[PDB]
**Student:** 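Below are the structure tokens for one structure; questions will follow.
We name chains A, B, ... by the order of the sequence lines, and we start the count at 1 in each one. Basis for what follows: all heavy atoms, side chains included, without hydrogens, waters or symmetry-related copies.
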Amino acid sequence: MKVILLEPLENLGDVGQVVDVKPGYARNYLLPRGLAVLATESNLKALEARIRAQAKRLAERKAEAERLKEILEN
RNA sequence: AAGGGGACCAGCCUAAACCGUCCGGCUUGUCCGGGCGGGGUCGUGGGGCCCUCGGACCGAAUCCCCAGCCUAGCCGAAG
Ligand SMILES: [Mg+2]
Ligand SMILES: [Mg+2]
Ligand SMILES: [Mg+2]
Ligand SMILES: [Mg+2]
Ligand SMILES: [Mg+2]
Ligand SMILES: [Mg+2]
Ligand SMILES: [Mg+2]
Ligand SMILES: [Mg+2]
Ligand SMILES: [Mg+2]
Ligand SMILES: [Mg+2]
Ligand SMILES: [Mg+2]
Ligand SMILES: [Mg+2]
Ligand SMILES: [Mg+2]
Ligand SMILES: [Mg+2]
């Protein structure tokens with residue numbers, strides 16, 4: 001069973017990673033402990049949506065630097 | 001059972017893509033979900049979206065009217 005880690009987990013994976021676990025481990029441990037969520041298509045895109053936002057919002061912060069950098073230093 | 005001969009005769013609505021819209025969620029958005037409306041319904045495959053061309057017939061199983069029919073009856077020849 002594929003799930004999306006919501007946390008870093010020992011020898012499983014880092015947050016946002018999609019890994020294969022036994023259906024039982026997910027159903028009766030991971031899911032009700034909020035440590036992960038099932039790797040369905042509905043929230044697969046919802047995952048990608050925020051990787052994308054985090055991607056954009058990061059590079060906007062870098063663009064602000066180079067604008068501020070080229071202004072000063074020159 | 002197919003086939004042949006007859007009785008009767010009729011074909012339709014959706015799901016999904018895509019658009020809209022109201023709400024809900026916090027994992028903040030080009031988000032996810034639930035409603036609702038639009039769209040679409042096919043096997044020669046059909047539909048969706050993007051270009052080019054073209055701009056009235058058909059009609060209900062629903063509703064309305066009516067005829068007819070039913071639920072009482074009546075006239076009816078000649079010792
Ligand atoms: Mg037959
Ligand atoms: Mg026959
Ligand atoms: Mg026929
Ligand atoms: Mg519809
Ligand atoms: Mg909706
Ligand atoms: Mg709909
Ligand atoms: Mg419709
Ligand atoms: Mg329609
Ligand atoms: Mg239609
Ligand atoms: Mg064919
Ligand atoms: Mg086609
Ligand atoms: Mg009809
Ligand atoms: Mg009499
Ligand atoms: Mg008499």
**Student:** Does this structure show an ion pair linking A/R57 with A/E60, if we count only N-O contacts that are shorter than 4.0 Å?
**Tutor:**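 No salt bridge links A/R57 with A/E60.
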**Student:** For the residue pair A/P32 and A/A26, what are the closest heavy atoms and their distance?
**Tutor:**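 That closest heavy-atom pairing would be CD-O, 3.9 Å.
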**Student:** Below 4.0 angstrom, which residues in residues 37-48 of chain A have at least one non-hydrogen atom near RNA chain B?
**Tutor:**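 Within residues 37-48 of chain A, the residues near RNA chain B are A/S42, A/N43, A/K45, A/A46.
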**Student:** In whole angstroms, how far is the P atom of B/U28 from the CD atom of A/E60?
**Tutor:**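 That distance rounds to 19 Å.
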**Student:** Checking base pairs now: Watson-Crick or wobble, both atom distances under 3.5 Å. What partners B/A7?
**Tutor:**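 Its partner is none (no Watson-Crick or G-U wobble pair with both distances under 3.5 Å).
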**Student:** For atom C1', what is the distance between B/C18 and B/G40, given to the nearest Å?
**Tutor:**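 B/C18 and B/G40 have their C1' atoms separated by 10 Å.
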**Student:** Could you tell me which residues satisfy side chain to side chain contact (heavy atoms under 4.5 Å, CB included) with A/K45, sequence neighbours excluded, listed by chain and number?
**Tutor:**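 A/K45 satisfies side chain to side chain contact (heavy atoms under 4.5 Å, CB included) with A/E41 only.
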**Student:** How close or far is atom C1' of B/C26 from atom CG of A/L6, stated in whole angstroms?
**Tutor:**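 One finds 13 Å between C1' of B/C26 and CG of A/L6, rounded.
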**Student:** How far does the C1' atom of B/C9 sit from the matching atom of B/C42, given to the nearest Å?
**Tutor:**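 Result for the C1' pair: 24 Å, nearest Å.
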**Student:** Under 4.0 Å: is that the gap between some side-chain N or O of A/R50 and OP1 or OP2 of B/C31?
**Tutor:**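 No, because none of the side-chain N or O atoms of A/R50 sits under 4.0 Å from OP1 or OP2 of B/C31.
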**Student:** Mind checking if B/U44 stacks on B/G45, six-ring centres under 5.5 Å, planes under 30°?
**Tutor:**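 No, the criteria are not both met.
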**Student:** Do side-chain atoms of A/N43 reach the backbone of A/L38 as a donor and acceptor pair under 3.5 angstrom?
**Tutor:**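 Pair found, side chain donor or acceptor close to backbone of A/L38.
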**Student:** Throw together a table of side-chain donor-acceptor distances under 3.5 angstrom for residues 1-22 of chain A, partners on residues two or more places apart or in other chains.
**Tutor:**
residue	atom	partner	partner atom	Å
A/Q17	OE1	A/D14	N	3.0

**Student:** Syn or anti: how is B/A67 classified when any glycosidic angle within 90° of 0 counts as syn?
**Tutor:**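 That one's anti.
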**Student:** Once you apply the 3.5 Å cut-off to both distances, tell me the Watson-Crick or G-U wobble partner of B/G34, or none.
**Tutor:**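 For B/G34, the partner nucleotide comes out as B/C22, under the 3.5 Å rule.
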**Student:** Kindly state each residue pair satisfying ring-ring contact (aromatic ring centres under 6.0 Å, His included) with at least one member in residues 12-51 of chain A, sequence neighbours excluded.
**Tutor:**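 Sorted pair list: A/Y25-A/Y29.
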**Student:** What integer number of Å spans the P atoms of B/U44 and B/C19?
**Tutor:**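 It works out to 32 Å between them.
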**Student:** So for B/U21, where does the sugar sit by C1'-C2'-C3'-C4', north or south?
**Tutor:**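 It's north.
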